[PDB]
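Q: Let me give you the structure first, and then I'll get to my questions.
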Amino acid sequence: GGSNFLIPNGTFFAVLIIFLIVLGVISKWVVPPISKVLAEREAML
Amino acid sequence: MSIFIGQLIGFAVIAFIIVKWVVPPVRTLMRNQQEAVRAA
Amino acid sequence: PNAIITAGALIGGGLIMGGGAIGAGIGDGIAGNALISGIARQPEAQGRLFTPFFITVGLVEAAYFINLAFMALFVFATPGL
Amino acid sequence: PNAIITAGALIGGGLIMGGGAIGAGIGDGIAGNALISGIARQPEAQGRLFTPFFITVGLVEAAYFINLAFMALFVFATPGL
Amino acid sequence: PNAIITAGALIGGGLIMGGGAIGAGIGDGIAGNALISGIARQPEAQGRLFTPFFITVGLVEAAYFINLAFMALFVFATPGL
Amino acid sequence: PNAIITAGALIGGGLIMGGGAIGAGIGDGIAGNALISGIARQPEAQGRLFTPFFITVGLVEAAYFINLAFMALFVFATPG
Amino acid sequence: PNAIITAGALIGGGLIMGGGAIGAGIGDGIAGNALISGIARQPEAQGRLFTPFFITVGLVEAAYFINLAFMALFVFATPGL
Amino acid sequence: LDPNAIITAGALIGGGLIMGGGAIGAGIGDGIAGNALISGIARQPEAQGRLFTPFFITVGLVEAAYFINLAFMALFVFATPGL
Amino acid sequence: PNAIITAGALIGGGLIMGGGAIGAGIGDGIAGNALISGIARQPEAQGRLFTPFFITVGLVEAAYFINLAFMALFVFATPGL
Amino acid sequence: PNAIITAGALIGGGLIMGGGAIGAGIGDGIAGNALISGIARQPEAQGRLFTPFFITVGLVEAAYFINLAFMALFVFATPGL
Amino acid sequence: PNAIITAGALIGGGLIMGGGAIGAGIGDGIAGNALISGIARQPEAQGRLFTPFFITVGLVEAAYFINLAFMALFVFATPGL
Amino acid sequence: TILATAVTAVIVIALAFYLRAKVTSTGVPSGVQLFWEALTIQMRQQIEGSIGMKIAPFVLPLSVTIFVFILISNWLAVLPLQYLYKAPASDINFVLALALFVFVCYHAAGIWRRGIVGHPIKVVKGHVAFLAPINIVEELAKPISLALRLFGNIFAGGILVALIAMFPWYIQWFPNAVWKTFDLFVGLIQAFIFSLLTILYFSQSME
């Protein structure tokens, strides 16, 4: 019993990779369209 | 499994709580922002 | 031999959680005192004040739960056995 | 061997409840100090102020009852024995 | 064996009551400071101020008496024996 | 053996009274702070004001003397 | 065997004296804080405010000397033994 | 008794003391700084951007003390200095 | 035997002096805070405020010195034995 | 034998660092509150305000470093083994 | 035998200097808070308030250094050996 | 231990595809764009206030992703999978993957900004000369302050939820519900504070 849960395992690189791809995907698809939309919405105001 | 049924009833009570209290205000805020958008 | 180490681990976890609770209670109370005084002074400041309050709470509750997790480490996975 | 572990566990639980009581009492007192100051400042403000007071007291009491649960764990269901 | 366990038990119950007394004294004194300051600020305010002072006192005394009851549980009726 | 219990009892009674004295001293001091200030800014309020002070000080002294009695229980009539 | 009890008595006496000293120091300091603050903004108040300050100082000093007496009880006139 | 046993017990108790004092100081300091920040944002609504700087400086100092204590705690528990 | 009593005595003396120092420092600081703030509110009041400050400092330092003397009694002149 | 000295040394050093941590954190927070309040009520003051704050923080951190250094001495050198 | 004495001595030294560190830190911070506020209220503070601030910091640091010296006395010249 | 994170990844990816196809400036905001946009506006405003957009433009997407990737992973654990899911932040690996990446990014920014030789000196000296000894330690305490915060806050919950399991169901339903209700709000708070602290570290690194 007990596994000394503080010490990192191999899963670290995998979680980092699946965070990095999410970051790239977001930076492309979420942010440009929304910033364009927010700018145009401010012009509407 | 007793644990599963107990935590399931817990999830049901929290779902009811969110449905009544949390849902109407957030939807009201979203509706307010939609109407504000239209305002022009 | 494992016994004395286990007793020491339990006592250490108790000290950890006690200090954490002291700090969490006092800090949460003080932050709440600031919020309540502000809401008593500026009634319409409630909304804008809630955010810094939750930031302070996210600092103090973290100061607490870090010790709580280290307590879990001491008690459930005691080193040195 | 088990007896030493039990004694250590009781000492740990005592430390936990002591620290938790300190924190909870002091935090609730400070929040009450804010509430009384406000309810003296604005007699109309009691309905407004009861809300952040319950919020702060909920945080403090949550820390206290968390310590209480872990104390019961240490005493009656010792993590090791 | 009973001897060591009961010794640890007395130490634990004492830690419980000590932390409880610290918290109660400080929190209730702070509430009284708020009450006294408010009643000096407004010489006709006593009637209403007594109520939330009793509320905060209720919270702090509830914490204190919870700790006291758990002390009684530690000392007279120790587990593990 | 009983000596072990006795030593634990003395330690516990000391912890009890120490915590009680910390709480009671600090609370009585804070109450005196509020009293001195109110008596400073309300020069004549003293007559109405002493009553809340005795009341809050009494609510603190109650915790103190309760801790003291339970300390006497631990020490003089220790279980065991 | 008596030796163990006497050592525990010295430890408990130290605990009680330490707590009493903490409380007395901090309480007398906060009373002095109120006194200095009062005499600053109302320079002639000294002969009025001397009264409640000594009442508070006596209230605290009573607890200090009471704790000293009970430590003398544990140490010199040890219970049990 | 084995010597490692006594030494490890003392080490765990010491680490508990260290982490407890650290947590007390960190919680109380963070709380007082947050009280200052909240009251300042209550009396000066637009000040948020000026106030966030000194708040985070004081919080950085406090957390650095806390995590120094934590590092020495980790040393105590995982290395047992002087074993 | 003598070893046990001496160890308990040293621990008790440390408890005494530590609590005394805590109270002394916190009280001296609380007093100096009022001193500095009062001297900031009405500049010319240096010695006039100094007097109450010396009185408060005397109370707190008297508590500290009494605790010091008791610590000396514990260590150098161990009771019992 | 040496093991008992080592354990006592670890416990002492830990008490040392815990007290130092409490003091450093609380003093730094208390200074930070004054700094934040001054920056809230006097925006242009920051330049002259930062020096006294660093001075107070420096006094506190000096006490903390002395405490840490003596803890290191205790734990790594065992003065008396 | 001497080992137990040394262990008690080291634990006592840790207690004393830890309490002293708590007091020094908290007191220095509480003083600096009044200093900072006063300097926020008036530039004359940076000139004047330094005499009171040095006085208070002196009353605190004297206690810190004296407790440090008594710690050295316990640990390096342990009476009882 | 990984699948729990991969699920949140595929969720946020599908959400971004939904926004991409839906978003329009001609029509209504009723769709999901109110969430992505409600986050983007707050982050834009915070960074513009602190560091200004044009000095540090790239930190907005980073902040919004380190917010949602944490929020979804904390909230999804409320579902009654108690039995298979577990909050991924309960493992040190996930917390480090976020915190050390934030660390290396903002320090690389300090380097790009002030240079490889000057930026270390600026980090060591700090706001005060005698603080510099503690400044060189704060420089490393900052990221641990980001990591251990999440780790503890979510692991206390992952522990308490398994502790409550030792009660029977009828007794169990109350505490489990109360705790998960608490954990929704507390996880949201601890994600927001992580993103805010990231923004602030960048603010004091670019300067």
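Q: Evaluate the protein assembly as shown: find the radius of gyration of its Cα atoms, find its Kirkwood radius, and give the ratio Rg to Rh.
A: Values: Rg = 28.1 Å, Rh = 29.2 Å.
Taking Rg over the Kirkwood Rh, I get 0.96.
Q: Name the shape class, rounded, prolate or oblate, that the alpha-carbon gyration tensor gives for region L:65-170, where a ≥ b ≥ c are the square roots of its eigenvalues, rounded holds for a/c under 1.5, and otherwise prolate holds if a/b is larger than b/c and oblate otherwise. Don't skip to the answer; put the middle values down first.
A: Numbers: a/c = 4.96, a/b = 2.53, b/c = 1.96.
Verdict is prolate for region L:65-170.
Q: Order of L:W112, L:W169 from fewest to most other C-beta atoms within 10 Å?
A: Details: L:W112 11, L:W169 18.
Ascending Cβ contact count within 10 Å gives the list L:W112, L:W169.
Q: How many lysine pairs does region L:3-206 hold where the Cα atoms are under 28 Å apart and the two sit 8 or more places apart or on different chains?
A: The result is 7.
Q: Pick from E:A62, E:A40, E:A31 the residue whose mean-square fluctuation is largest in a GNM of chain E, springs joining Cα atoms under 10 Å.
A: E:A40
Q: Give a residue-ordered list of calculated ³J(HN,Hα) values for region C:56-61 (Karplus: 6.51 cos²θ - 1.76 cosθ + 1.60, θ = phi - 60°; whole Hz; x for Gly, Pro).
A: 4, 5, x, 6, 5, 4
Q: Hey, another quick one. Averaging the inverse of every distinct alpha carbon separation and then flipping it gives the Kirkwood radius. What is it for region G:33-79, in angstrom units?
A: Working: mean 1/r = 0.0785 Å⁻¹.
12.7 Å is the Kirkwood radius here.
Q: Would you compute, from DSSP H runs of 4+ residues alone, the mean residue ellipticity of chain L at 222 nm, taking -39500 (n - 2.57) per run and dividing by the full residue count, rounded to the nearest 500? Don't jump to the answer; show the numbers that get you there.
A: On the way: 7 runs with 156 residues, N = 207.
That comes out to -26500 deg cm²/dmol.
Q: Related question: Just to be sure I understand: with springs between alpha-carbon atoms less than 10 Å apart, which residue in J:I16, J:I39, J:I30 has the highest mean-square fluctuation in the Gaussian network model of chain J?
A: Looking only at J:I16, J:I39, J:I30, the biggest GNM fluctuation is shown by J:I39.
Q: Checking a compactness column here: for chain B, what do you get for Rg(Cα) / (2.2 N^0.38 Å), N being the number of residues?
A: On the way: Rg = 16.8 Å, N = 40, 2.2 N^0.38 = 8.9 Å.
Against the empirical 2.2 N^0.38 Å value, I get 1.88 for chain B.
Q: Once you treat every alpha carbon in region C:1-77 as an equal point and sum by Debye, what is log10 I(q)/I(0) at q = 0.22 Å⁻¹?
A: Calculated log10 I(q)/I(0) at the listed q: -0.90.
Q: Let me ask another. Which whole number gives the average count of other chain Cβ atoms within 10 Å of the Cβ atoms across peptide L:100-106?
A: 1
Q: Can you compute the helix-only [θ] at 222 nm over chain A? Use -39500 (n - 2.57) per DSSP H run of at least 4 residues, normalise by all residues, nearest 500 deg cm²/dmol.
A: Numbers: 2 runs with 33 residues, N = 45.
Helix-only estimate at 222 nm: -24500 deg cm²/dmol.
Q: Okay, moving on. Determine, for D:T51, L:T40, the number of other Cβ atoms within 10 Å of each Cβ, and report the residues in order from fewest to most.
A: Ranked by crowding around the Cβ, least crowded first: D:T51, L:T40.
Q: Sorted from fewest to most neighbouring beta carbons within 10 Å, what does the list G:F74, L:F192, I:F53 look like? Mind showing how you got there, number by number?
A: Working: G:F74 29, L:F192 19, I:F53 26.
Taking fewest neighbouring Cβ atoms as first place, the list is L:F192, I:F53, G:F74.
Q: Next up: Provide the FRET efficiency to the nearest 0.05 for the J:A69-L:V124 pair, computing r from the beta carbons and using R0 = 25 Å.
A: Values: r = 21 Å, r/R0 = 0.83.
Efficiency, rounded to the nearest 0.05: 0.75.
Q: Is the shape of region L:3-206 best called rounded, prolate or oblate, per the rule: a/c under 1.5 gives rounded, else a/b larger than b/c gives prolate, else oblate, with a ≥ b ≥ c the square roots of the Cα gyration tensor eigenvalues?
A: Details: a/c = 2.61, a/b = 1.36, b/c = 1.92.
Here region L:3-206 falls in the oblate category.
Q: Spelling out what I want: for every residue of region I:9-24, take phi, set θ = phi - 60°, compute 6.51 cos²θ - 1.76 cosθ + 1.60 (Karplus), and round to whole Hz; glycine and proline get x.
A: Result, ordered by residue: 5, 5, 5, x, x, x, 4, 4, 5, x, x, x, 5, 4, x, 5 Hz.
Q: Also: Apply the Karplus parameterisation 6.51 cos²θ - 1.76 cosθ + 1.60, with θ equal to phi minus 60°, to every residue of region E:41-47 and state each ³J(HN,Hα) to the nearest whole Hz, in sequence, with x for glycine and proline.
A: 5, 9, x, 10, 8, 4, x
Q: Mind jotting down the distance between the C-alpha centroids of region C:60-81 and region J:52-68, whole Å?
A: When both Cα centres are located, 29 Å separates them.
Q: Evaluate the relative contact order of chain H (contact order divided by residue number), counting alpha-carbon pairs under 8 angstrom at least 6 apart; express in whole percent. Intermediate results must be reported in sequence, preceding the final value.
A: Numbers: 53 pairs, mean separation 43.6, N = 83.
After rounding, I find 53 percent.
Q: Now for a different question. Please average, across the residues of L:43-49, the number of beta carbons from any other chain that are within 10 Å of each residue's own beta carbon, and give a whole number.
A: Counting Cβ atoms of other protein chains within 10 Å of each residue's Cβ and averaging gives 2.
Q: Let me ask another. Quick check: from the Cα gyration tensor, does region L:28-87 come out rounded (a/c under 1.5), prolate or oblate?
A: Details: a/c = 4.16, a/b = 1.92, b/c = 2.16.
In terms of gyration-tensor shape, oblate.
Q: Follow-up. Please average, across the residues of L:185-192, the number of beta carbons from any other chain that are within 10 Å of each residue's own beta carbon, and give a whole number. Let's see the in-between values first.
A: Numbers: counts 3, 8, 0, 2, 6, 6, 1, 4.
That works out to 4 on average.
Q: Could you work out [θ]222 nm for chain D from helices alone, using -39500 (n - 2.57) per DSSP H run of at least four and dividing by all its residues? Round to the nearest 500 deg cm²/dmol. Intermediate results must be reported in sequence, preceding the final value.
A: Working: 2 runs with 71 residues, N = 81.
About -32000 deg cm²/dmol.
Q: Between D:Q46 and L:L140, what is the spin-label point distance in nm, taking each point 7 Å from the Cα along the Cα→C-beta axis?
A: Roughly 5.7 nm, to one decimal.
Cβ atoms come from the backbone with ideal geometry, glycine included; neighbour counts cover every protein chain shown. Rule-based calculations on the coordinates, nothing more; no lab input.
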